[PDB]
J.: 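Let me begin by handing over the structure; questions about it come next.
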Number of protein chains: 2
Amino acid sequence: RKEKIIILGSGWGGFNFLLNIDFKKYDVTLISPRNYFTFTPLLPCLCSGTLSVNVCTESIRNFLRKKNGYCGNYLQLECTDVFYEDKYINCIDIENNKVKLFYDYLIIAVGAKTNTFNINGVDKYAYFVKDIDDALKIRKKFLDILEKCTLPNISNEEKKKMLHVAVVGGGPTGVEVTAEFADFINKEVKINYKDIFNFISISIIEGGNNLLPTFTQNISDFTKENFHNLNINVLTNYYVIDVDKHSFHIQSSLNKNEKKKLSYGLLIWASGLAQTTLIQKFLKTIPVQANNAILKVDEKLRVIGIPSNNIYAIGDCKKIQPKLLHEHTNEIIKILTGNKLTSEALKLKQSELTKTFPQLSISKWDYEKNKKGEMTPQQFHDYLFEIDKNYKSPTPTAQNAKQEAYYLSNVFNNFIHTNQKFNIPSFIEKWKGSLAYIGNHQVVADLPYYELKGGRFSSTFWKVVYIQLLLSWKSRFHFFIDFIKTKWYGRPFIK
Amino acid sequence: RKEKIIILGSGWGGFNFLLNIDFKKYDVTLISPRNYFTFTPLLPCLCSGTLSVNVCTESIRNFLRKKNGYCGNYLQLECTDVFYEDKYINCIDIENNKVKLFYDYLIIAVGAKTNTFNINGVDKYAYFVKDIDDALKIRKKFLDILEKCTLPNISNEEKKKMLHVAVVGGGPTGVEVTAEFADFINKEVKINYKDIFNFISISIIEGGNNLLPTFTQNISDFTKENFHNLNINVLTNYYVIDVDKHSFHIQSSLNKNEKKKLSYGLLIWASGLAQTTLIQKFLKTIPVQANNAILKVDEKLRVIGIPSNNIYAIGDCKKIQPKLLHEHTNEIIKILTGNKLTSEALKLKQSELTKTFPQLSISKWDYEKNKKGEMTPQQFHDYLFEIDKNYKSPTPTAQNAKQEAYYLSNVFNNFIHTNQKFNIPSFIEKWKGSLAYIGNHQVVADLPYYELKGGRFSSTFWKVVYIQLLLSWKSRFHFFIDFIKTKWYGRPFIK
Ligand SMILES: Cc1cc2nc3c(=O)[nH]c(=O)nc-3n(C[C@H](O)[C@H](O)[C@H](O)COP(=O)(O)OP(=O)(O)OC[C@H]3O[C@@H](n4cnc5c(N)ncnc54)[C@H](O)[C@@H]3O)c2cc1C
Ligand SMILES: Cc1cc2nc3c(=O)[nH]c(=O)nc-3n(C[C@H](O)[C@H](O)[C@H](O)COP(=O)(O)OP(=O)(O)OC[C@H]3O[C@@H](n4cnc5c(N)ncnc54)[C@H](O)[C@@H]3O)c2cc1C
Ligand SMILES: Cc1c(-c2ccc(Cc3ccc(OC(F)(F)F)cc3)cc2)[nH]c2cccc(F)c2c1=O
Ligand SMILES: Cc1c(-c2ccc(Cc3ccc(OC(F)(F)F)cc3)cc2)[nH]c2cccc(F)c2c1=O
Ligand SMILES: Cc1c(-c2ccc(Cc3ccc(OC(F)(F)F)cc3)cc2)[nH]c2cccc(F)c2c1=O
Ligand SMILES: Cc1c(-c2ccc(Cc3ccc(OC(F)(F)F)cc3)cc2)[nH]c2cccc(F)c2c1=O
Ligand SMILES: COCCOCCOCCOc1ccc(C(C)(C)CC(C)(C)C)cc1
Ligand SMILES: COCCOCCOCCOc1ccc(C(C)(C)CC(C)(C)C)cc1
Ligand SMILES: COCCOCCOCCOc1ccc(C(C)(C)CC(C)(C)C)cc1
Ligand SMILES: COCCOCCOCCOc1ccc(C(C)(C)CC(C)(C)C)cc1
Ligand SMILES: [Mg+2]
Ligand SMILES: [Mg+2]
Ligand SMILES: [Mg+2]
Ligand SMILES: [Mg+2]
Ligand SMILES: [Mg+2]
Ligand SMILES: [Mg+2]
Ligand SMILES: [Mg+2]
Ligand SMILES: [Mg+2]
């Protein structure tokens with residue numbers, strides 16, 4: 001008669017929650033239509049065949065039996081509805097049979113889905129890069145085109161059109177997918193398809209001026225330079241406005257009147273999140289959240305507007321709306337001991353108060369750039385209000401989904417139904433840095449305190465980092481073997 | 001201006017011909033809708049996940065550039081018609097575009113296709129085991145059923161029906177597929193799906209009394225016994241007469257009035273060859289062969305009824321009809337040493353005459369069991385006629401397709417258009433033995449001079465043999481890694 005936790009989703013949030021939740025203390029069931037976890041950062045490597053599926057996945061059932069002897073459960077179902085008042089969910093199986101399941105706690109970790117921005121033709125003609133199947137269909141399509149263009153029944157003009165790969169999105173995924181194809185094209189493809197090599201082209205399309213815009217400006221410049229040197233067409237300051245079967249249209253970001261029509265053989269849509277239908281439907285059943293576009297949780301990751309406080313959400317499907325500083329001005333004033341309401345006084349209690357208000361974190365509020373002398377209570381109120389307003393929810397990353405999962409599973413293991421049940425601290429994420437592979441052995445990294453901008457050892461750095469991020473020795477084994485395989489025998493052409 | 005050889009098929013015949021044909025001497029194009037070679041003997045290992053696709057395939061384009069600097073070509077096309085008088089073929093691409101190609105020599109190696117014996121429902125409901133895609137669909141279906149039966153919305157009786165795997169055919173493929181699933185079920189499946197393990201069953205269905213009927217009787221008995229000990233249902237002396245969506249019917253071979261209806265979740269059809277449509281159509285355009293069921297070639301592998309003798313066929317798509325001894329009686333009599341026509345006299349010239357008549361081979365004619373005293377010329381004629389009649393074409397195996405490919409490519413390299421062009425010997429195959437994996441570490445082997453019947457080292461023997469039969473170091477690399485992988489981390493569930 002253990003308390004029942006249902007986890008929705010087998011992704012970065014759901015799977016890492018499963019990995020850490022105590023199966024002895026709780027009865028845990030994970031529910032997802034996907035019976036494996038996907039190591040998403042390595043998906044671009046799958047498009048070119050640099051790494052294989054064994055590196056990029058984990059089967060959920062392999063992690064249901066922990067060392068202590070207590071077990072979790074897994075069900076291959078898609079959740080369609082949540083009924084928070086009666087504490088059950090409705091699911092369907094692959095045959096649309098309905099399943100009803102009761103819970104004591106619900107962890108919503110259903111992620112997000114691809115977003116076409118309703119641009120005509122994108123869903124019909126473009127390839128997304130969101131999961132294992134996506135990457136493999138992309139790889140297979142490219143391989144198919146190479147074989148098709150080796151046939152005698154096609155002209156050089158038609159080849160140039162068919163062998164043009166266009167990647168839409170200048171963020172890390174678009175960049176890495178482009179880099180991986182450029183390497184593949186320049187190495188194995190050049191060797192095995194020498195007669196059509198010269199007709200192959202790649203373009204990357206990005207609305208802003210910078211590839212990798214969330215990295216540093218020096219990294220962006222170096223990335224565009226590396227792409228130029230690789231003869232990739234860098235179409236920064238352009239965005240897609242229409243997609244047809246054999247061509248698409250782009251629009252200048254600098255001149256609204258300038259458009260271009262481009263022929264293509266493979267169109268890859270590397271960008272865009274939208275909310276799952278489950279989340280859209282769930283929102284409308286919570287009065288307080290009825291017209292939200294995204295699920296809001298509080299600073300403890302509890303879904304807002306649930307009287308029972310027994311539904312949580314983590315990862316890409318949620319945004320945090322923390323307890324407001326300015327609704328607790330007087331309490332905070334008393335807490336301040338340096339009696340003189342200054343920003344420095346507040347910062348002096350920031351260790352204690354961040355346990356309640358994550359927006360006070362030095363990672364969330366720049367105290368040095370927002371210093372304030374002595375304030376009246378009303379002015380202090382207004383200041384707290386600015387800190388509230390400034391709070392940024394965790395970015396939609398694997399990094400944050402993983403940290404939230406560990407935080408929350410630890411809360412269930414060591415705080416809930418124990419004498420620390422009222423000492424639960426708020427969630428505050430830690431940025432660990434970002435990495436990107438940008439072609440021809442060059443890796444860039446934007447880390448706390450370091451930037452990496454290519455060089456002979458940058459690819460070594462990437463391997464050292466990722467082998468430690470993999471979640472099993474099996475995957476690490478494959479990670480190592482795949483690089484040996486690729487070095488000695490090259491990328492595979494089997495499709 | 002080099003002479004053009006077109007090879008049809010990328011299989012055991014076609015690919016091994018490609019591996020050995022001199023690209024300097026000829027202009028070689030291989031044509032096949034499959035741009036990889038399939039190492040068919042390891043396909044059962046793929047069904048259970050014991051080995052991966054990288055062990056079982058070779059990409060054709062990897063072998064087009066030989067060390068000399070001379071190259072072959074490959075085109076992804078399906079051949080639809082041969083026009084032997086005008087020395088060209090018609091092909092289609094994957095989009096049904098027609099391609100016309102001329103040749104100086106044509107090597108037909110298109111193999112065979114699956115045969116349902118027109119039994120109602122097998123093409124609709126059964127899974128075949130002939131190529132990479134077949135094996136993977138079988139694996140995926142089995143994995144899908146396991147997940148479906150873990151759902152709460154299904155009774156135990158429905159589970160027993162759904163988790164029944166039936167394999168039709170008691171030859172090596174059927175036996176090996178059954179053994180691989182039995183191992184998978186008893187190991188990884190038992191561990192990951194403990195709650196439904198007890199509902200899983202496997203049956204193998206075979207018309208004759210023996211599993212592995214082409215092996216020795218001791219091997220057949222040991223195999224049936226090993227299957228019993230693994231609680232596999234061995235349905236020898238039964239054959240399938242009808243297949244429906246959820247059940248099939250079998251018929252006793254020993255009592256025509258006894259039938260049984262059996263429920264099943266996965267039905268695997270491991271047996272049956274039929275001729276390709278291409279061969280069926282080609283036959284009707286050759287007057288002398290117009291009503292044949294299979295393509296006949298002479299002792300030098302030349303298709304019969306082609307005035308230009310420039311079409312050859314090898315592998316499963318052909319049968320050899322050698323030059324008849326009895327149509328050359330007087331010539332043979334003169335060749336014989338002494339004046340007395342005895343079977344021993346014939347056997348004394350058997351080395352020389354076997355270069356012309358493969359049916360005189362000691363591997364084809366038992367001289368000791370057909371000893372003959374002094375014969376009159378007419379009696380000798382009748383004796384020769386018996387040898388002609390006794391000749392058996394090479395069995396449809398990878399071993400024979402490979403040997404035919406090496407024989408014929410060597411004929412092109414070293415006999416055709418050289419001063420040995422009239423010293424071309426007939427094709428005579430060499431039996432090297434057979435191997436089968438029969439479950440729970442047990443390997444059997446029927447070899448010249450040895451039989452292997454399981455034991456601790458039989459699996460080691462299997463590995464030693466197969467790693468030497470693989471056609472590249474890449475595949476051998478994967479062969480070794482896969483066994484390490486499977487030992488340390490188990491077979492994968494990713495699908
Ligand atoms: C190509 C690519 C590269 C990336 N690289 C990085 C990187 O380098 N660094 C980084 O920090 N982040 C990276 N990310 C981001 C990271 O993948 C996401 O932020 C992360 O997936 C979020 O985790 P999640 O658990 O919220 O969603 P997901 O990991 O997507 O998991 C969602 C799960 O919910 C399941 N699900 C969906 N609907 C339902 C339903 N109705 N009922 C039950 N289950 C359902 C899905 O099958 C899936 O298992 C990358 C993403 C992509 C696509
Ligand atoms: C599961 C399994 C296990 C086996 N195990 C063994 C074993 O242990 N030992 C053994 O000796 N034999 C074994 N065999 C038999 C062996 O696979 C066959 O005898 C062998 O494949 C015959 O070689 P082939 O070249 O004639 O045909 P295949 O190897 O089948 O090749 C035929 C090729 O022709 C291509 N093709 C088909 N139609 C056309 C067309 N119209 N135009 C152009 N190309 C075309 C096909 O795509 C294929 O590439 C096994 C077979 C199977 C199915
Ligand atoms: C091995 C291999 C494959 C692969 C595996 C299995 C198949 C199965 C398959 C399915 C259908 C087929 O019918 C048809 F002929 F139609 F394609 C053929 C094969 C195809 C490709 N992908 C990879 C993808 C990324 C990186 C990799 F390292 C690999 C890799 O190393
Ligand atoms: C090594 C290396 C490679 C790689 C693979 C193929 C090539 C092929 C290639 C590219 C450019 C070429 O023109 C030339 F070399 F002339 F510049 C020629 C071949 C180059 C690099 N990918 C990686 C991808 C991700 C993470 C990594 F750690 C690596 C990595 O460590
Ligand atoms: C790794 C791996 C796989 C495998 C590879 C790629 C996929 C790709 C895939 C395609 C579609 C998907 O969407 C869906 F989930 F819907 F199926 C998911 C994955 C699936 C399985 N087969 C194997 C088969 C035999 C032996 C093996 F060792 C493997 C193996 O080691
Ligand atoms: C080793 C080995 C195996 C193998 C794989 C899994 C098991 C799992 C297993 C099966 C039955 C079990 O209950 C019992 F032990 F009772 F039999 C327990 C585990 C057993 C053998 N297949 C092979 C397949 C082909 C070629 C080979 F060379 C091997 C081989 O060398
Ligand atoms: C785990 O979340 C998945 C997100 O993957 C993003 C890749 O970014 C990696 C940067 O984060 C780090 C930081 C430090 C490290 C350690 C300390 C483990 C490795 C080291 C020594 C290379 C810095 C690893 C990864
Ligand atoms: C069962 O748990 C597996 C998941 O482990 C999660 C934490 O892993 C962090 C450490 O991971 C590694 C990975 C590789 C290595 C090796 C041995 C390859 C050495 C290295 C990374 C220093 C080069 C060391 C530690
Ligand atoms: C030639 O490839 C055709 C496919 O054959 C697959 C079945 O193999 C059956 C075994 O026949 C052989 C072939 C070679 C060998 C060698 C000589 C390579 C192995 C050895 C040294 C262990 C006896 C043994 C048995
Ligand atoms: C480029 O060559 C690839 C094709 O090779 C065909 C001929 O191969 C026959 C010998 O093959 C092997 C395979 C493995 C080995 C090793 C080194 C693994 C030793 C072994 C088989 C004795 C265990 C030796 C010879
Ligand atoms: Mg998740
Ligand atoms: Mg995931
Ligand atoms: Mg998501
Ligand atoms: Mg989520
Ligand atoms: Mg062939
Ligand atoms: Mg083959
Ligand atoms: Mg065949
Ligand atoms: Mg053939």
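Both counts, for ligands and for their atoms, begin at 1 and track the order of listing. Below, all heavy atoms of this structure are taken into account, side chains as well, without hydrogens, waters or symmetry copies. A note on names: the letters A, B, ... follow the listed sequences, proteins ahead of strands, and every chain is numbered from 1.
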J.: Please list all pairs passing the salt bridge (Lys or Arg N to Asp or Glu O under 4.0 Å) test where one or both residues lie in residues 31-46 of chain B, with sequence neighbours left out.
T.: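 Non-adjacent pairs meeting salt bridge (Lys or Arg N to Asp or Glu O under 4.0 Å): B:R34-B:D131.
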J.: For the rings on B:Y406 and B:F17, is their centre-to-centre separation under 6.0 Å?
T.: no
J.: Side chain, backbone, both or neither: which part of B:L471 comes within less than 4.0 Å of ligand 10 when only heavy atoms are counted?
T.: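 Backbone only.
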J.: Kindly state if atom 16 (F) of ligand 5 has a protein heavy atom within a strict 4.0 Å cut-off, that is, under 4.0 Å?
T.: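 Neighbour list for atom 16 (F) of ligand 5 is empty of protein heavy atoms (cut-off 4.0 Å).
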J.: Please determine whether the number of non-hydrogen atoms from other residues, nucleotides or ligands lying under 6.0 Å from atom NZ of B:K137 exceeds 12.
T.: no
J.: Just jot down the ligand 5 atoms closer than 4.0 angstrom to any heavy atom of B:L136, in number order.
T.: 24 (C)
J.: What atoms in ligand 10 come closer than 4.0 Å to a heavy atom of B:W473?
T.: 1 (C), 2 (O)
J.: What atoms of ligand 5 come closer than 4.0 angstrom to any heavy atom of B:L46?
T.: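 The atoms of ligand 5 under 4.0 Å from a heavy atom of B:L46 are 25 (C).
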J.: Around atom CG of B:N68, are there more than 12 heavy atoms of other residues, nucleotides or ligands at under 6.0 Å?
T.: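 Above 12, so yes.
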J.: Would you verify that at least one protein heavy atom lies under 4.0 Å from atom 19 (C) of ligand 10, or report that none does?
T.: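 No.
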J.: Can you pull the salt bridge (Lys or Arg N to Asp or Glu O under 4.0 Å) pairs that have at least one residue in residues 459-474 of chain B, sequence neighbours excluded?
T.: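 Applying salt bridge (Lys or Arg N to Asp or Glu O under 4.0 Å) to every pair that reaches into residues 459-474 of chain B, excluding sequence neighbours, yields B:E58-B:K474.
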J.: Would you call the rings of A:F479 and A:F483 parallel, tilted or perpendicular, where under 30° means parallel and over 60° means perpendicular?
T.: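 Ring orientation of A:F479 relative to A:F483: perpendicular.
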J.: Evaluate the criterion side chain to side chain donor-acceptor pair (under 3.5 Å) for residue pair B:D183 and B:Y437; output intermediate values, then yes/no.
T.: CA-CA 11 Å; B:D183 290 350; B:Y437 180 71; 2.4 Å; yes
J.: Please write down residue, atom name and distance for the protein heavy atom closest to atom 2 (C) of ligand 5.
T.: B:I494 CG2, 3.7 Å
J.: Relative to atom 19 (C) of ligand 5, which among A:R34, B:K495, B:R139 owns the nearest non-hydrogen atom?
T.: B:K495
J.: Using heavy-atom distances, let me know which of B:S48, A:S52, B:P492 sits nearest atom 30 (C) of ligand 5.
T.: B:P492
